[PDB]
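Peer 1: Provided below: entry_19.txt, containing compact mmCIF, C-alpha atoms and all ligand atoms.
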```txt
# COMPACT_ATOMS: atom_id res chain seq x y z
CA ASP R 1 -18.56 58.19 106.56
CA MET R 2 -15.74 57.60 104.02
CA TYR R 3 -15.37 59.32 100.61
CA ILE R 4 -13.19 59.26 97.43
CA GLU R 5 -11.10 62.12 95.91
CA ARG R 6 -9.46 61.67 92.45
CA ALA R 7 -5.61 61.45 92.52
CA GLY R 8 -4.71 61.08 88.82
CA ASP R 9 -4.45 59.03 85.61
CA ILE R 10 -3.19 55.45 85.37
CA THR R 11 -0.15 55.70 83.02
CA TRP R 12 3.36 54.18 82.97
CA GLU R 13 5.73 57.20 82.89
CA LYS R 14 9.11 56.81 81.19
CA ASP R 15 12.35 58.06 82.84
CA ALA R 16 10.68 57.62 86.29
CA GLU R 17 12.47 56.86 89.67
CA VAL R 18 14.03 53.33 89.46
CA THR R 19 14.59 52.17 93.07
CA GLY R 20 13.88 49.12 95.29
CA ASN R 21 15.17 45.54 95.63
CA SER R 22 13.74 42.04 94.66
CA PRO R 23 13.59 39.72 97.67
CA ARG R 24 12.54 36.02 97.58
CA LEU R 25 10.73 35.53 100.90
CA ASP R 26 9.06 32.34 102.24
CA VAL R 27 5.65 33.36 103.65
CA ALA R 28 2.26 31.86 104.83
CA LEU R 29 -1.24 33.34 104.42
CA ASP R 30 -3.87 32.96 107.17
CA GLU R 31 -7.72 32.94 107.39
CA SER R 32 -7.61 36.68 108.32
CA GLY R 33 -5.78 37.60 105.07
CA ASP R 34 -2.50 38.44 106.83
CA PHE R 35 0.97 37.45 105.57
CA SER R 36 3.56 36.02 107.98
CA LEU R 37 7.30 35.58 107.66
CA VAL R 38 7.97 31.82 107.77
CA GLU R 39 11.61 30.84 108.35
CA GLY F 1 -20.83 60.49 91.26
CA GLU F 2 -17.41 60.86 89.59
CA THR F 3 -16.85 57.63 87.64
CA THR F 4 -13.95 58.89 85.51
CA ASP F 5 -11.45 56.02 85.02
CA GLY F 6 -8.37 56.71 87.18
CA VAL F 7 -6.65 56.33 90.57
CA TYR F 8 -8.47 57.77 93.65
CA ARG F 9 -7.82 58.50 97.37
CA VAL F 10 -9.93 56.89 100.15
CA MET F 11 -10.57 59.64 102.80
CA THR F 12 -12.39 59.79 106.19
CA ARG F 13 -13.76 62.60 108.36
CA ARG F 14 -14.29 60.26 111.44
CA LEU F 15 -10.83 61.09 112.86
CA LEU F 16 -9.20 64.55 113.48
CA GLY F 17 -9.23 66.38 110.14
CA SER F 18 -9.37 64.43 106.87
CA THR F 19 -7.41 61.17 107.07
CA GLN F 20 -6.34 59.08 104.05
CA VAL F 21 -7.13 55.43 104.93
CA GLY F 22 -6.01 54.22 101.47
CA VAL F 23 -6.06 54.41 97.66
CA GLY F 24 -8.28 52.72 95.01
CA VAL F 25 -8.68 52.15 91.25
CA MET F 26 -11.69 53.26 89.21
CA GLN F 27 -11.87 51.15 86.04
CA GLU F 28 -15.05 50.40 84.03
CA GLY F 29 -17.57 51.89 86.54
CA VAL F 30 -16.06 49.73 89.35
CA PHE F 31 -13.87 51.05 92.22
CA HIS F 32 -11.34 48.33 93.27
CA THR F 33 -9.48 48.64 96.58
CA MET F 34 -7.97 46.60 99.46
CA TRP F 35 -10.40 45.24 102.09
CA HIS F 36 -8.63 46.51 105.27
CA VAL F 37 -9.04 50.08 103.81
CA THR F 38 -12.85 50.32 103.89
CA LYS F 39 -13.82 47.01 105.64
CA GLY F 40 -16.77 46.66 103.25
CA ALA F 41 -18.26 50.03 104.23
CA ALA F 42 -20.26 52.13 101.74
CA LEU F 43 -18.16 54.95 100.22
CA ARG F 44 -19.27 58.31 98.78
CA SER F 45 -18.19 60.17 95.59
CA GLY F 46 -19.27 63.82 95.65
CA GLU F 47 -22.91 63.03 96.38
CA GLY F 48 -23.04 59.49 94.85
CA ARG F 49 -23.40 56.34 96.97
CA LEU F 50 -20.81 53.63 96.19
CA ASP F 51 -22.05 50.33 97.56
CA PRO F 52 -19.97 47.13 97.92
CA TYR F 53 -20.50 44.29 95.40
CA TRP F 54 -17.81 41.67 96.05
CA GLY F 55 -15.16 41.06 98.76
CA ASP F 56 -12.86 38.49 100.40
CA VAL F 57 -10.83 38.91 103.64
CA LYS F 58 -8.16 36.30 102.72
CA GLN F 59 -7.57 37.87 99.28
CA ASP F 60 -7.90 41.30 101.00
CA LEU F 61 -9.79 42.73 97.97
CA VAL F 62 -13.12 44.62 97.58
CA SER F 63 -15.03 45.99 94.51
CA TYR F 64 -17.68 48.77 94.49
CA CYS F 65 -20.59 49.27 92.07
CA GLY F 66 -19.74 46.03 90.23
CA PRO F 67 -17.63 42.91 89.84
CA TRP F 68 -13.80 42.94 89.71
CA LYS F 69 -12.60 44.23 86.29
CA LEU F 70 -8.74 44.37 86.73
CA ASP F 71 -7.22 41.22 85.21
CA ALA F 72 -3.63 42.03 84.09
CA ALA F 73 -0.86 39.67 85.28
CA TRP F 74 2.86 40.10 86.06
CA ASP F 75 5.04 38.24 83.53
CA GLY F 76 7.65 37.29 86.18
CA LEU F 77 10.52 39.05 84.40
CA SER F 78 9.60 42.65 83.60
CA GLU F 79 10.13 45.76 85.71
CA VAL F 80 6.90 47.27 87.06
CA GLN F 81 5.83 50.74 88.35
CA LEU F 82 3.97 51.58 91.59
CA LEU F 83 1.57 54.51 91.19
CA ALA F 84 2.14 55.50 94.82
CA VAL F 85 -0.43 57.90 96.24
CA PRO F 86 0.98 58.94 99.66
CA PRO F 87 -1.17 60.64 102.33
CA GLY F 88 -0.69 64.38 101.78
CA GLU F 89 1.67 63.98 98.81
CA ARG F 90 1.16 63.86 94.99
CA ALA F 91 0.91 60.52 93.13
CA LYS F 92 4.28 59.17 91.92
CA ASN F 93 5.30 56.37 89.56
CA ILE F 94 8.13 54.43 91.22
CA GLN F 95 9.73 51.88 88.87
CA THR F 96 11.12 48.67 90.43
CA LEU F 97 11.79 44.97 89.68
CA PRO F 98 9.65 42.67 91.86
CA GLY F 99 10.91 39.78 93.98
CA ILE F 100 8.96 36.69 95.03
CA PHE F 101 6.66 35.44 97.83
CA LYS F 102 6.97 31.64 98.25
CA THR F 103 3.67 30.19 99.59
CA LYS F 104 2.02 26.72 99.90
CA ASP F 105 -0.54 27.77 97.20
CA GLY F 106 2.08 28.82 94.62
CA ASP F 107 4.30 31.89 94.16
CA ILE F 108 3.24 35.56 93.91
CA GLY F 109 5.04 38.82 92.98
CA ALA F 110 6.38 41.23 95.61
CA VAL F 111 7.25 44.94 95.61
CA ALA F 112 9.91 45.95 98.15
CA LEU F 113 9.14 49.66 98.63
CA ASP F 114 8.77 51.47 101.97
CA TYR F 115 5.47 53.35 102.29
CA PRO F 116 3.01 54.40 105.04
CA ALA F 117 -0.11 52.28 105.72
CA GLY F 118 -2.27 55.07 104.21
CA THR F 119 -0.86 54.31 100.73
CA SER F 120 -2.75 50.90 100.76
CA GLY F 121 -4.67 50.19 97.54
CA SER F 122 -2.25 51.90 95.10
CA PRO F 123 -1.98 50.21 91.67
CA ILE F 124 1.04 48.22 90.49
CA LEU F 125 1.42 48.96 86.77
CA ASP F 126 3.05 47.28 83.78
CA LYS F 127 4.87 48.88 80.75
CA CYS F 128 1.48 48.94 78.88
CA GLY F 129 -0.20 50.73 81.85
CA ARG F 130 -2.55 47.91 82.91
CA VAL F 131 -3.18 47.29 86.61
CA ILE F 132 -1.44 44.01 87.56
CA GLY F 133 -2.35 44.26 91.28
CA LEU F 134 -2.67 46.25 94.55
CA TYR F 135 -0.02 47.46 97.07
CA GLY F 136 -1.00 47.24 100.77
CA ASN F 137 -0.77 43.65 102.06
CA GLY F 138 2.55 41.96 102.69
CA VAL F 139 4.93 41.41 105.61
CA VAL F 140 7.35 43.39 107.83
CA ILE F 141 10.95 42.27 107.12
CA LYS F 142 14.08 41.72 109.39
CA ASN F 143 15.13 45.38 108.61
CA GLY F 144 11.79 46.97 109.65
CA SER F 145 10.93 47.78 106.00
CA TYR F 146 7.74 46.45 104.27
CA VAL F 147 7.48 44.02 101.31
CA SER F 148 3.99 44.00 99.73
CA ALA F 149 2.45 41.32 97.54
CA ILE F 150 1.23 42.11 94.03
CA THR F 151 -2.47 41.36 94.86
CA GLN F 152 -4.67 40.62 91.82
CA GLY F 153 -8.41 39.84 91.74
CA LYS F 154 -10.45 37.62 89.41
CA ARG F 155 -12.40 38.70 86.26
CA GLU F 156 -15.57 36.95 84.91
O1 LIG Q 201 -1.26 47.92 107.76
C1 LIG Q 201 -0.80 47.53 106.70
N1 LIG Q 201 -1.33 46.50 105.98
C2 LIG Q 201 -2.43 45.68 106.35
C3 LIG Q 201 -3.12 45.96 107.53
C4 LIG Q 201 -4.19 45.18 107.93
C5 LIG Q 201 -4.55 44.09 107.15
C6 LIG Q 201 -3.88 43.81 105.97
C7 LIG Q 201 -2.81 44.59 105.56
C8 LIG Q 201 -4.51 42.61 105.32
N2 LIG Q 201 -5.26 42.02 106.44
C9 LIG Q 201 -5.68 43.12 107.33
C10 LIG Q 201 0.43 48.17 106.12
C11 LIG Q 201 0.40 48.65 104.83
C12 LIG Q 201 1.48 49.33 104.29
BR1 LIG Q 201 1.39 49.97 102.50
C13 LIG Q 201 2.61 49.55 105.02
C14 LIG Q 201 2.69 49.09 106.35
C15 LIG Q 201 3.86 49.29 107.11
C16 LIG Q 201 3.95 48.85 108.39
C17 LIG Q 201 2.88 48.16 108.97
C18 LIG Q 201 1.74 47.93 108.26
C19 LIG Q 201 1.59 48.39 106.93
```
If you convert what's in this file into structure tokens, what do you get?
Peer 2:
Amino acid sequence: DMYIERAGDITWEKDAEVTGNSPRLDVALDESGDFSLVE
Amino acid sequence: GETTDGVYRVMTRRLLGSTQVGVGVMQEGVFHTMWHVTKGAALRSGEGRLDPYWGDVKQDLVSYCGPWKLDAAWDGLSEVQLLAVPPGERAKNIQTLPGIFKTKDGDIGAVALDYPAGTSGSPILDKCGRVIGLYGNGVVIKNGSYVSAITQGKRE
């Protein structure tokens, strides 16, 4: 059996870690809810 | 049980030790998470019984104790934050600018951050704090890394 344990508050924190890129990717979604890379 | 509005971990004692299968969002008496995390199975909070209410495998979303409440939307231009709750580590707000997923049913936002599969169901936040979607379902890229869609449900 699964259970939940609180992990914190939902707040936008200023001066936080700004990392990560912004990629435009062509994808397709299937009946099983899975994304696929279409090229 | 504990229905205090906030971000929660989704744990299981079925495997060796306690294993974090995902993350969720408690907002307005409803616990919103990704479908592949629980698979529509009843959860437990302290002693309380959290029973499923709504779900969809294609959307990959599931809501407990009530209908989907989260209805914020990405503006397409602003930087967002991922309240990343990693298995075994403390929650962390990671600010980023999202890219794009180009589909046949329109375009959707995408966060390019590398995280383990146990972090699935973590909220993507805006500058106001509202939950604009869930991190956990996307695609594996040419570099091995993972790019996740900004998955948002539907309010009533
Ligand atoms: O397993 C993952 N995601 C997922 C799995 C099963 C299903 C779905 C999504 C939706 N339809 C069923 C995953 C999540 C994350 Br945050 C990082 C990953 C890194 C590498 C490989 C997979 C993942």
Peer 1: Point out the residue among R:16, R:28, R:10, R:34 with the least atom-to-atom distance to residue F:103, counting only C-alpha atoms.
Peer 2: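 Nearest candidate to residue F:103 out of R:16, R:28, R:10, R:34: R:28.
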Peer 1: Could you list, as a PyMOL selection string, every residue of chain F that has an atom within 7 Å of an atom of chain R, counting all atoms listed in the file?
Peer 2: chain F and resi 6-14+43-45+57-60+81+91+93-103+112-113+125-129+138-139
Peer 1: Put those residues in a file: C-alpha atoms, as a PDB file, in the frame of the given file.
Peer 2:
```pdb
ATOM      1  CA  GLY F   6      -8.370  56.710  87.180  1.00  0.00           C
ATOM      2  CA  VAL F   7      -6.650  56.330  90.570  1.00  0.00           C
ATOM      3  CA  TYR F   8      -8.470  57.770  93.650  1.00  0.00           C
ATOM      4  CA  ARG F   9      -7.820  58.500  97.370  1.00  0.00           C
ATOM      5  CA  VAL F  10      -9.930  56.890 100.150  1.00  0.00           C
ATOM      6  CA  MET F  11     -10.570  59.640 102.800  1.00  0.00           C
ATOM      7  CA  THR F  12     -12.390  59.790 106.190  1.00  0.00           C
ATOM      8  CA  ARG F  13     -13.760  62.600 108.360  1.00  0.00           C
ATOM      9  CA  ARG F  14     -14.290  60.260 111.440  1.00  0.00           C
ATOM     10  CA  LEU F  43     -18.160  54.950 100.220  1.00  0.00           C
ATOM     11  CA  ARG F  44     -19.270  58.310  98.780  1.00  0.00           C
ATOM     12  CA  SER F  45     -18.190  60.170  95.590  1.00  0.00           C
ATOM     13  CA  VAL F  57     -10.830  38.910 103.640  1.00  0.00           C
ATOM     14  CA  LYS F  58      -8.160  36.300 102.720  1.00  0.00           C
ATOM     15  CA  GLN F  59      -7.570  37.870  99.280  1.00  0.00           C
ATOM     16  CA  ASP F  60      -7.900  41.300 101.000  1.00  0.00           C
ATOM     17  CA  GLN F  81       5.830  50.740  88.350  1.00  0.00           C
ATOM     18  CA  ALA F  91       0.910  60.520  93.130  1.00  0.00           C
ATOM     19  CA  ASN F  93       5.300  56.370  89.560  1.00  0.00           C
ATOM     20  CA  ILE F  94       8.130  54.430  91.220  1.00  0.00           C
ATOM     21  CA  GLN F  95       9.730  51.880  88.870  1.00  0.00           C
ATOM     22  CA  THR F  96      11.120  48.670  90.430  1.00  0.00           C
ATOM     23  CA  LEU F  97      11.790  44.970  89.680  1.00  0.00           C
ATOM     24  CA  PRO F  98       9.650  42.670  91.860  1.00  0.00           C
ATOM     25  CA  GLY F  99      10.910  39.780  93.980  1.00  0.00           C
ATOM     26  CA  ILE F 100       8.960  36.690  95.030  1.00  0.00           C
ATOM     27  CA  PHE F 101       6.660  35.440  97.830  1.00  0.00           C
ATOM     28  CA  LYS F 102       6.970  31.640  98.250  1.00  0.00           C
ATOM     29  CA  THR F 103       3.670  30.190  99.590  1.00  0.00           C
ATOM     30  CA  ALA F 112       9.910  45.950  98.150  1.00  0.00           C
ATOM     31  CA  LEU F 113       9.140  49.660  98.630  1.00  0.00           C
ATOM     32  CA  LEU F 125       1.420  48.960  86.770  1.00  0.00           C
ATOM     33  CA  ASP F 126       3.050  47.280  83.780  1.00  0.00           C
ATOM     34  CA  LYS F 127       4.870  48.880  80.750  1.00  0.00           C
ATOM     35  CA  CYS F 128       1.480  48.940  78.880  1.00  0.00           C
ATOM     36  CA  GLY F 129      -0.200  50.730  81.850  1.00  0.00           C
ATOM     37  CA  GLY F 138       2.550  41.960 102.690  1.00  0.00           C
ATOM     38  CA  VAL F 139       4.930  41.410 105.610  1.00  0.00           C
TER      39      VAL F 139
END
```
Peer 1: Atom CA of residue F:142 to atom CA of residue F:106: how many Å, to one decimal?
Peer 2: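 That distance, rounded to one decimal, is 23.0 Å.
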Peer 1: Have a look at atom CA of residue F:110 and atom CA of residue F:148 and let me know their distance in Å, one decimal.
Peer 2: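 Computed distance, atom CA of residue F:110 to atom CA of residue F:148, equals 5.5 Å.
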Peer 1: Could you make a table, as a tab-separated table, of the residues of chain F that have an atom within 9 Å of an atom of ligand LIG 201 (chain Q), each with its nearest atom pair and distance in Å to one decimal, counting all atoms listed in the file, in chain and number order?
Peer 2:
```
residue	atom	partner	partner_atom	distance
F:22	CA	Q:LIG201	BR1	8.6
F:34	CA	Q:LIG201	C8	7.9
F:35	CA	Q:LIG201	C8	7.2
F:36	CA	Q:LIG201	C9	4.9
F:37	CA	Q:LIG201	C4	8.0
F:57	CA	Q:LIG201	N2	7.0
F:58	CA	Q:LIG201	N2	7.4
F:59	CA	Q:LIG201	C8	8.3
F:60	CA	Q:LIG201	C8	5.6
F:113	CA	Q:LIG201	BR1	8.7
F:114	CA	Q:LIG201	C13	7.1
F:115	CA	Q:LIG201	BR1	5.3
F:116	CA	Q:LIG201	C13	4.9
F:117	CA	Q:LIG201	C12	3.6
F:118	CA	Q:LIG201	BR1	6.5
F:119	CA	Q:LIG201	BR1	5.2
F:120	CA	Q:LIG201	BR1	4.6
F:121	CA	Q:LIG201	BR1	7.8
F:122	CA	Q:LIG201	BR1	8.5
F:135	CA	Q:LIG201	BR1	6.1
F:136	CA	Q:LIG201	BR1	4.0
F:137	CA	Q:LIG201	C7	4.2
F:138	CA	Q:LIG201	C7	6.6
F:139	CA	Q:LIG201	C18	7.7
F:140	CA	Q:LIG201	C16	6.5
F:144	CA	Q:LIG201	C16	8.2
F:145	CA	Q:LIG201	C15	7.3
F:146	CA	Q:LIG201	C15	5.6
F:147	CA	Q:LIG201	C13	8.2
F:148	CA	Q:LIG201	BR1	7.1
```
Peer 1: What does the distance between atom CA of residue F:42 and atom CA of residue F:62 come to in Å, to one decimal place?
Peer 2: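 It comes out at 11.2 Å.
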Peer 1: Give me the residues near residue F:156 as an mmCIF file with C-alpha atoms, keeping the file's coordinate frame, where near means some atom within 10 Å (using only C-alpha atoms) and where sequence neighbours in that chain fewer than 6 positions away do not count.
Peer 2:
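Dumped to selection-v3.cif:
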```
data_model
loop_
_atom_site.group_PDB
_atom_site.id
_atom_site.type_symbol
_atom_site.label_atom_id
_atom_site.label_comp_id
_atom_site.auth_asym_id
_atom_site.auth_seq_id
_atom_site.Cartn_x
_atom_site.Cartn_y
_atom_site.Cartn_z
ATOM 1 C CA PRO F 67 -17.630 42.910 89.840
ATOM 2 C CA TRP F 68 -13.800 42.940 89.710
ATOM 3 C CA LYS F 69 -12.600 44.230 86.290
ATOM 4 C CA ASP F 71 -7.220 41.220 85.210
#
```
Peer 1: As AutoDock Vina command-line options, please report the centre and edge lengths, rounded to one decimal in Å, of the axis-aligned box that holds all listed atoms of stretch 94-105 of chain F with 8 Å of padding on each of the six sides.
Peer 2:
```
--center_x 5.6 --center_y 40.6 --center_z 94.4 --size_x 28.3 --size_y 43.7 --size_z 27.0
```
